[PDB]
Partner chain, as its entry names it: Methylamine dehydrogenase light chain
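This document opens with one chain alone, in structure tokens, the form deposited without its partner chain.
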């Protein structure tokens, strides 16, 4: 697989450090739609609104199985560590037009 999961379930956003790599979700947008990171970087998504959101990498992107992240409520967060160089599209399961990309160098 091309990523690992620090926490299988969402956790409180308050636990994320200032300066951690963070993608906010708000107004139906991933606030960094094309994120550039390095191999071994841990990316954390944080939902800032009441509409629940997840991240969903389809089969073939991070492995042979889809990675369907858990739904995050407001002020919940979810992380992935990218372990292999590449480019990875993802979207929100319920809202396929809310989508983004992680570029791992």
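Numbering follows the first chain given and starts at 1.
Unshown form solved in complex with its partner chain; subsequent notes refer to it.
Interface membership of residue 86, defined by any non-hydrogen atom within 4.5 Å of its partner chain in the entry with it bound, is ruled out. Its partner chain is not shown here, but in the entry with it bound it comes within 4.5 Å of a heavy atom of residue 28. In the entry with it bound, none of the heavy atoms of residue 67 sits within 4.5 Å of a heavy atom of its partner chain. Its partner chain in the entry with it bound is approached by residue 71, whose closest heavy atom lies within 4.5 angstroms of it. For a residue to qualify, one of its non-hydrogen atoms must sit within 4.5 Å of its partner chain in the entry with it bound; all three of 51, 94 and 97 qualify.
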